[PDB]
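> what shape does this take:
(4 chains, ligands or ions: 1)
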Amino acid sequence: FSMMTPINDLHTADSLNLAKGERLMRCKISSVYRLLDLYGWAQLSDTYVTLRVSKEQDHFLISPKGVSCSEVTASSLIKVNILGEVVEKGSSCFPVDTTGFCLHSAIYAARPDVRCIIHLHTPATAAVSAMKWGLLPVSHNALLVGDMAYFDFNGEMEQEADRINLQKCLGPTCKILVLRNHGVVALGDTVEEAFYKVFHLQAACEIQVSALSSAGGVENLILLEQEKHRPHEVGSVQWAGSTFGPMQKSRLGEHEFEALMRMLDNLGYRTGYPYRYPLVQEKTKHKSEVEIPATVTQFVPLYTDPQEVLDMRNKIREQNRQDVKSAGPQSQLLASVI
Amino acid sequence: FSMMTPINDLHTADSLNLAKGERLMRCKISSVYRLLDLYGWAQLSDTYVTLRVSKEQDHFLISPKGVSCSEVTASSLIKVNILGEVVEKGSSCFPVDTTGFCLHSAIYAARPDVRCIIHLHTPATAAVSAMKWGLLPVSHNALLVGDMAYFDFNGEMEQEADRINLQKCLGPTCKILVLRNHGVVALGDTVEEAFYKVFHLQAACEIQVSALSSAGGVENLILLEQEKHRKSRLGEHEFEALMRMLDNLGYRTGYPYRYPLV
Amino acid sequence: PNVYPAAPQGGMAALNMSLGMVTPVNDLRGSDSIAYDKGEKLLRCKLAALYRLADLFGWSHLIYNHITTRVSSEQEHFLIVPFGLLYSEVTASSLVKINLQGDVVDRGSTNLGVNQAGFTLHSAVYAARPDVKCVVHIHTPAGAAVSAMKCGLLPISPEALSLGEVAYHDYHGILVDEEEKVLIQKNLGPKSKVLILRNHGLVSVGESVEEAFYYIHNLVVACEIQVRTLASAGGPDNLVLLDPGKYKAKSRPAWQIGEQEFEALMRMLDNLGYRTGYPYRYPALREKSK
Amino acid sequence: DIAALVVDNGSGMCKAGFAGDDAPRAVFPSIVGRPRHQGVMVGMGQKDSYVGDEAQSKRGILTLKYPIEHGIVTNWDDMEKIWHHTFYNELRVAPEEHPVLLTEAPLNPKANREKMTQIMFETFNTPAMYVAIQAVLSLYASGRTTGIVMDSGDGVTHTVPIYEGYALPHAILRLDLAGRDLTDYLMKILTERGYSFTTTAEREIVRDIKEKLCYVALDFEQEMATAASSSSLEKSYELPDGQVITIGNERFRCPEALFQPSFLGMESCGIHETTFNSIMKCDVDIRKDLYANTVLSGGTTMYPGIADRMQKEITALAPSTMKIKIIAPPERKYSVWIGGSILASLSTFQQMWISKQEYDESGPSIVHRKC
Ligand SMILES: Nc1ncnc2c1ncn2[C@@H]1O[C@H](COP(=O)(O)OP(=O)(O)O)[C@@H](O)[C@H]1O
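Numbering: from 1, shown residues only, chains lettered A, B, ... in the order given. The coordinates are given below.
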């Protein structure tokens, strides 16, 4: 009944050669695997989530094969080159398979901006991808999804023609890639933004599936269009925090990720994620007039015998009984004259 | 953390009067209510399952109002007459209301052979009952259900004309009654029959609604016909198996098994 | 806690975990394994664990369906769950070894008998193909929805195309013995490891338990894909289809097929505490260390 | 408009006042004096015994004795005399018209409550009377319902913790270290300076000296070094006969027996250790609140610097993560009576009164039924 597993065992194991930023990256990318497990979108590993470590040297964090999402720890994940060879292996005894990484590599050669990739195989996302129409703008979540690109996928990304075709059709500025009959792929500069987009795509896919099931035909859905208004989603996340200064400025997915990750930390998952906004619980304050403020912010030696004292007083009392005459002590000056 | 609630607690009270095998059969109703909570079919208080005690003098057992299905015990049941007036209240300090019993009372006034009645408001059966096609023979369990009669429901049975309409709509031999825009009603000679029929009916309704939403057309589904289809206890083994898990888990049920098992 | 707290829609699974706590499935001990074969002892573990795992995912409908495995140690034997006991309480010692014709070879730990009518279809499948050693027949709520539909299964997902050829059996439902058996036998010829009954449910055959479980899980996932895809559009609005052979050509000491997912689910079942006793290729999650 | 009476009794001080008033009407020492010299003056005022404020005026010709010691009465007749003087001479109200409210120590023998109830119904015909805990009323006077309170009077010292209005009986701690014992210790340590006090009136003089010229040291050894090395810590008291004494070093020596009873040779621990142990006896979940709310009560806690030393000594024994704060109301002498003046004023308290008629069928044990 012990489903808690420590997500940061890097300090305990002490049997790996970590780079400049692996301590944060590995926990950050295992947290999203745990969240995918908790939402139940995926339980069996099909190489869903990949991370890029550094831009100077292209190393990529991927999950080992045959490891469930519940069993994913930060030290168990491995890092590979862009070609697919293993650079450093995690502390997991399993055969190494990097077959599914290549498609992710097809993203990494094109866009230097993207750093984390999430692939989804959920029934709703696959239903929307297999659907003749794309994600129809019939819901608020679909509007928050943004623009997206469709590409036909045929199971292999190893020849050069398919890779260059994907890199050409993906475009310079696109965040969501829909693989037909296979699902969706979310691209992210940061892990939080990509998880945000994954959540919004999942919600919009479920909404579209239910809506098109409910009504026969698209014309009955009276869909709105994103293009006509062209908003910049300004004015979102108005804040009046007390500890910090009130600013509108926030990233796309920090505020949603912080609460989830604090949820994970509360039970006992020993995550190493640093919170940008610290949280303190304190007891509430009173302003009733009843409350009164506080005022401030050898004598005896150690070894002796009582029997010695008794024998001494017996010696003195014996002389008292005998009444022997004896003069007192005389001075030495008077001893000289005699 | 409060622990699971025992199902049979009528020995603790020892104040209510008992007639014939009531000490057993009350517990049966409680088991049925617990079974509903195991399937997510209903978890809010309503007049779902009523049971006739004896063939004479028209005594019935109903659940108290405001009590969720998880907290129903054997001693908490309410004994009423055909008119709905309380004859022997249970050991539950809640106000009593018998306005939902009247439809079941009409069904009981129709058929003397019918003993157990089960009513559910789950989304699948409600969608099937709201549907004008009704239950379609597009699944094996739908053929296992049998034949049913469809009745238009206004919501209240206090009118005499609606009562006599219900008797002439039900017919002489029928076990399942579909109320339009309200759901399904399963009738059984015992609690096992009603449970078996309502479980197969809900399985068939789920299959039908899933297939009909998938295809988008009634003629897109294949249609089965009745010609191929058309000790000695229909549904005691399944309920006895569920009873066996209930006893092995820790529920203190009083059901005596037909065989000495292990 | 004898019973785990129940979700609003997941009470039956919570009771399945509770019964996993109360009753372990590895009922065979050192003293209790007297006069018992080794291979049968190994196979009862896998079969009882499969019955325990089937109820967790929801592919269990009372005692109507059965899962059968074949042990080819003697001339002629099979294993099946006793009639009248649900999936969540099956132990290794409680399984019943019966004949091809349904004759009970040994009573087993339990007293209850075996249903011949449920075993008739399994007997037909086993007599049809000698290479088949495991048959899993399940009834998921989406599977009977896709099975009753006219066109049948469609190549919409890679899980559907991993099944390859699929056999279909029309539901006539007359069930009169030998001629029903021979219609089952030559309605499913060589290969075609997945069979779809038009109204009863779904069944998958396999040379091993792990392969049959992998095939039935792929079939269930492909069904869940297909229902949601075809619900929106069911005709001239062309859902994107793939050629089976051509996508299969592009799909393309090693680990055996179907053992990976099965061993991962055994890692779940041991993490909970079912105490399955399943033999592990890699018993440790991490490496040797100390 | 009949209003209840609040009478607070302690060894050495009796207070009384109408319910709902800010101030008690009568405050006087609980003393009984009897003449000791040969009275020869025919025709002028003599009495058999003097009681109250009048007895303290004539200390020269009287032997003064206290009816209560350590919260336990020794002679009930003197207690009756004090109660009669309170009801008749001080307030001039009939005891049989208004209900009276009474207070006592938490831990006490059985017979005290029963005898007190029997005397209060039979002698004065009180229609209703109730017994309450002193420290609980002090906490009500502070106006918080939770926290651990320390009431140290002239009879006995006791710390009780109260959570959500309930005082836990197991966590109550009582120490027999009061201000009268401090007065005796101050007399014993003033013996060595050359000034000798033996009679009871001289004990009252020593008590006045202690009230005027005593303070609590923050660091004991450093204050000894300062007092030995300099004459800055010297004050002069002026006796009623005109003589002048110099208190000198002893000012911080007498109250320090509160913290270290080894000077008196008592086996029990200090008062701060007693409070800490009483906090330890409670449940963990409430301990934060017990460290968050602590109020001082009683006239013994009026020594200057008691709050700082108490806070430091509690913080020394407390965990480092705990926050320690000490609340000291300026009117901590009369907090208990104030709490009584709260408790009798409530609209739900009229049903809490003990019925006169119910006592007839119940008897003297009725308070144990109702309180
Ligand atoms: N102003 C003061 N400064 C220091 N100590 C005082 C002061 N007033 C009274 N005391 C001490 O407090 C004692 C009186 O305590 P009191 O509050 O009357 O106890 P109780 O009311 O419980 O009998 C006296 O013996 C005296 O030593």
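> tell me the secondary structure for residue D:63?
strand (DSSP: H, G, I helix; E, B strand; the rest coil).
> how close does it get to residue D:31?
10 Å (CB to CB, to the nearest Å). In this view, the C-beta of every residue, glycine as well, is placed from N, C-alpha and C.
> and these two? Which one has more around it.
residue D:31 (25 against 13; other CB atoms under 10 Å in any protein chain shown).
> in the stretch 51-200 of chain C, what residue lies closest to chain B?
residue C:145 (3.7 Å; CB to the nearest CB).
> so that residue makes contact with residue C:227?
Yes - the criterion here is CB atoms under 8 Å, and residue C:145 meets it with residue C:227 at 6.1 Å.
> contact partners for the closest residue to chain B within the stretch 51-200 of chain A?
The stretch 51-200 of chain A approaches chain B most closely through residue A:127 (11.4 Å), counting by CB to the nearest CB. Residues near residue A:127 by CB atoms under 8 Å, 6 or more residues apart in numbering or on different chains: A:205, A:209, C:225, C:228-229, C:232.
> measure how buried the residue of chain A found nearest the ligand is and give me the count.
Nearest residue of chain A to the ligand: residue A:295, at 16.1 Å (CB to the nearest ligand atom). Residue A:295 has 16 neighbours, counted by other CB under 10 Å.
> got a list of what it touches?
For residue A:295, the contacting residues are D:307-308, D:326-328, by CB under 8 Å, 6+ apart.
> just the buried subset of those residues, written out for ChimeraX, thanks.
Buried members of the contacts of residue A:295, defined by 16 or more other CB atoms under 10 Å in any protein chain shown, are picked up in ChimeraX with:
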select /D:307,326,327,328
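> make JSON lines out of the contacts of residue A:295 and add distance to residue C:200 and secondary structure.
Conversion of the contacts of residue A:295 to JSON lines gives the following (distance: CB to CB, whole Å; DSSP: H, G, I helix; E, B strand; the rest coil):
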{"residue": "D:307", "distance to residue C:200": "84", "secondary structure": "helix"}
{"residue": "D:308", "distance to residue C:200": "86", "secondary structure": "helix"}
{"residue": "D:326", "distance to residue C:200": "80", "secondary structure": "coil"}
{"residue": "D:327", "distance to residue C:200": "78", "secondary structure": "strand"}
{"residue": "D:328", "distance to residue C:200": "84", "secondary structure": "coil"}
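> quick check, nearest of the contacts of residue A:295 to chain B?
For the contacts of residue A:295, the nearest to chain B is residue D:327 (37.5 Å; CB to the nearest CB).
> identify the bridge partners of the residue lying closest to that closest one once chain neighbours are set aside.
Excluding its sequence neighbours, the residue lying closest to residue D:327 (CB to CB, 6 or more residues apart in numbering or on different chains) is residue D:295, at 4.6 Å. Beta-bridge pairing for residue D:295 (DSSP bridges): residue D:149, residue D:327.
> OK, contacts around residue D:295?
Neighbours of residue D:295 in contact, by CB under 8 Å, 6+ apart: D:138-139, D:142, D:144, D:147, D:149-150, D:327-329, D:332, D:335.
> distance to residue C:257 added to those residues, as a markdown table?
Supplementary listing: these in a markdown table, determined by distance: CB to CB, whole Å:
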| residue | distance to residue C:257 |
| --- | --- |
| D:138 | 80 |
| D:139 | 75 |
| D:142 | 77 |
| D:144 | 72 |
| D:147 | 70 |
| D:149 | 75 |
| D:150 | 77 |
| D:327 | 75 |
| D:328 | 80 |
| D:329 | 81 |
| D:332 | 84 |
| D:335 | 83 |
